Structures are given as structure tokens and as C-alpha cells.
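Novice: Here it is: the structure, laid out below.
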Amino acid sequence: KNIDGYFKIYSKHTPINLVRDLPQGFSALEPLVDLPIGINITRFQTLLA
Amino acid sequence: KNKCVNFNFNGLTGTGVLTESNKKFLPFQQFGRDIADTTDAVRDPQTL
Ligand SMILES: *[C@@H]1O[C@H](CO)[C@@H](O)[C@H](O)[C@H]1NC(C)=O
């Protein structure tokens with residue numbers, strides 16, 4: 001998310017046993033870094049290996 | 001600590017008794033608040 005020229009990222013990494021789709025449970029997301037980029041962003045891509 | 005003092009921490013001006021809080025703040029989380037929404041606790045910007 002980006003609001004008022006300030007980008008916000010929220011990262012949580014926990015181990016889980018999952019096959020496909022998504023498990024039903026609760027999680028509390030916490031911030032990762034602070035990036036005052038201040039740029040228009042209309043699109044995004046997901047890099048893969 | 002343990003005395004009534006006027007403190008300005010990270011541009012936040014306030015007056016109150018400063019004590020060591022047992023609550024564990026996240027590294028990013030700084031200003032704590034009570035039910036009244038007034039600031040419950042802060043973080044020293046010099047020595048965290
Ligand atoms: C970002 O650029 C796109 C394409 O020019 C435009 O449609 C959109 O309104 C712009 N958003 C902002 C916040 O300027």
C-alpha cells in the first residue's frame with residue numbers, strides 16, 4: 001500500500017502445513033521496512049524463479 | 001525516572017512521571033496508548 005507518498009509494507013512469515021488454497025486461521029501482520037518513495041504506482045508484477 | 005517531569009520525546013511534548021514499562025513494544029512500534037487514547041508510553045529516540 002502507498003498513501004501520501006509513503007509506501008507501507010507488512011510482512012509475516014510463519015511455518016504451516018498446507019496443500020493448496022489457503023488455511024483458515026488468524027494471523028497478525030507486522031511492518032517490514034519504511035520506504036518514502038513517493039511515486040505513482042498503477043501496476044505490479046510477481047517475480048518467479 | 002519515578003519523578004514528575006516535563007518531557008519532550010521525538011517532538012512529542014508532555015508532562016508526566018517516566019517509568020520503565022513492562023510491555024514489550026515491537027521495534028517499529030513506539031507510542032503506546034490507553035483506553036483514553038492519550039499516550040501511554042513512548043520510546044527514547046537516542047538510546048532505544
Ligand atoms: C498514475 O498514473 C496513471 C496513468 O497515467 C493515472 O491513471 C493515475 O490516475 C495516476 N495516479 C496518481 C495518483 O497520480
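Identifiers in this document derive from the order of the C-alpha cells: chains are assigned A, B, ..., residues are numbered from 1 separately in each chain, and ligands are numbered from 1 in order of occurrence.
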Taking only C-alpha atoms and all ligand atoms into account, list the residues no farther than 12 Å from ligand 1, as a VMD selection string.
Specialist: chain A and resid 2 to 5 38 to 43
Novice: Limited to C-alpha atoms, could you put the picked residues into a file as a compact mmCIF listing (two decimals), in the first residue's frame?
Specialist:
# COMPACT_ATOMS: atom_id res chain seq x y z
CA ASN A 2 1.08 3.58 -0.71
CA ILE A 3 -0.59 6.62 0.87
CA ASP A 4 0.57 10.27 0.80
CA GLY A 5 3.83 9.49 -0.99
CA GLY A 38 6.55 8.90 -3.24
CA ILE A 39 5.76 7.65 -6.73
CA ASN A 40 2.64 6.79 -8.69
CA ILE A 41 2.19 3.01 -8.87
CA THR A 42 -0.62 1.69 -11.04
CA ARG A 43 0.68 -1.85 -11.72
Novice: Up to 10 Å from chain B, what residues of chain A turn up? Count only C-alpha atoms and give them as number ranges by chain.
Specialist: A: 30-34
Novice: Check the DSSP output for the backbone and give back, as a ChimeraX atom specification, the residues of chain A in strand (DSSP E or B).
Specialist: /A:2-3,6-11,30-35
Novice: Which residues come within 12 Å of residue 24 in chain B, counting only C-alpha atoms, excluding same-chain residues fewer than 4 positions away, as an NGL selection string?
Specialist: :B and (20 or 28-32 or 41-43)
Novice: What's the separation between CA of residue 48 in chain A and CA of residue 16 in chain A, in Å to one decimal place?
Specialist: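 Value for the CA of residue 48 in chain A-CA of residue 16 in chain A distance: 21.3 Å.
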Novice: As a PDB file with N, CA, C and O atoms, in the first residue's frame, please: the residues near range 2-8 of chain B (cut-off 9 Å, only C-alpha atoms, same-chain neighbours under 3 positions excluded).
Specialist:
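See out_37.pdb below for the written result:
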ATOM      1  N   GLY B  11       9.734  15.034  19.417  1.00  0.00           N
ATOM      2  CA  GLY B  11       8.776  16.067  19.086  1.00  0.00           C
ATOM      3  C   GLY B  11       7.462  16.003  19.831  1.00  0.00           C
ATOM      4  O   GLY B  11       6.597  16.853  19.592  1.00  0.00           O
ATOM      5  N   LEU B  12       7.277  15.033  20.723  1.00  0.00           N
ATOM      6  CA  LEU B  12       6.040  14.880  21.481  1.00  0.00           C
ATOM      7  C   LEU B  12       6.223  15.526  22.849  1.00  0.00           C
ATOM      8  O   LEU B  12       6.993  15.033  23.678  1.00  0.00           O
ATOM      9  N   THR B  13       5.506  16.621  23.087  1.00  0.00           N
ATOM     10  CA  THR B  13       5.598  17.368  24.334  1.00  0.00           C
ATOM     11  C   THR B  13       4.576  16.832  25.327  1.00  0.00           C
ATOM     12  O   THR B  13       3.396  16.686  24.993  1.00  0.00           O
ATOM     13  N   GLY B  14       5.032  16.537  26.542  1.00  0.00           N
ATOM     14  CA  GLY B  14       4.145  16.030  27.572  1.00  0.00           C
ATOM     15  C   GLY B  14       4.736  16.238  28.946  1.00  0.00           C
ATOM     16  O   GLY B  14       5.912  16.573  29.102  1.00  0.00           O
ATOM     17  N   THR B  15       3.891  16.034  29.953  1.00  0.00           N
ATOM     18  CA  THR B  15       4.282  16.159  31.352  1.00  0.00           C
ATOM     19  C   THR B  15       3.739  14.961  32.114  1.00  0.00           C
ATOM     20  O   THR B  15       2.526  14.730  32.126  1.00  0.00           O
ATOM     21  N   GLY B  16       4.630  14.207  32.743  1.00  0.00           N
ATOM     22  CA  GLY B  16       4.214  13.026  33.476  1.00  0.00           C
ATOM     23  C   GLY B  16       5.407  12.348  34.110  1.00  0.00           C
ATOM     24  O   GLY B  16       6.563  12.723  33.883  1.00  0.00           O
ATOM     25  N   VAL B  17       5.105  11.338  34.919  1.00  0.00           N
ATOM     26  CA  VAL B  17       6.135  10.544  35.576  1.00  0.00           C
ATOM     27  C   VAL B  17       6.615   9.466  34.615  1.00  0.00           C
ATOM     28  O   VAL B  17       5.809   8.716  34.050  1.00  0.00           O
ATOM     29  N   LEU B  18       7.928   9.385  34.428  1.00  0.00           N
ATOM     30  CA  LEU B  18       8.535   8.445  33.496  1.00  0.00           C
ATOM     31  C   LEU B  18       8.983   7.204  34.257  1.00  0.00           C
ATOM     32  O   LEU B  18       9.768   7.302  35.206  1.00  0.00           O
ATOM     33  N   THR B  19       8.481   6.044  33.845  1.00  0.00           N
ATOM     34  CA  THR B  19       8.845   4.772  34.450  1.00  0.00           C
ATOM     35  C   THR B  19       9.157   3.760  33.357  1.00  0.00           C
ATOM     36  O   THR B  19       8.812   3.948  32.188  1.00  0.00           O
ATOM     37  N   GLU B  20       9.823   2.679  33.753  1.00  0.00           N
ATOM     38  CA  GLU B  20      10.133   1.593  32.832  1.00  0.00           C
ATOM     39  C   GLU B  20       8.910   0.697  32.686  1.00  0.00           C
ATOM     40  O   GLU B  20       8.421   0.137  33.674  1.00  0.00           O
TER      41      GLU B  20
END
Novice: Which one is closest to residue 9 in chain A: A:35, A:28, A:47, A:22? Count only C-alpha atoms.
Specialist: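 Checking each of A:35, A:28, A:47, A:22 against residue 9 in chain A, counting only C-alpha atoms, the winner is A:35.
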Novice: Give me, please, the distance in Å between CA of residue 44 in chain B and CA of residue 23 in chain B, quoted to one decimal.
Specialist: 14.7 Å
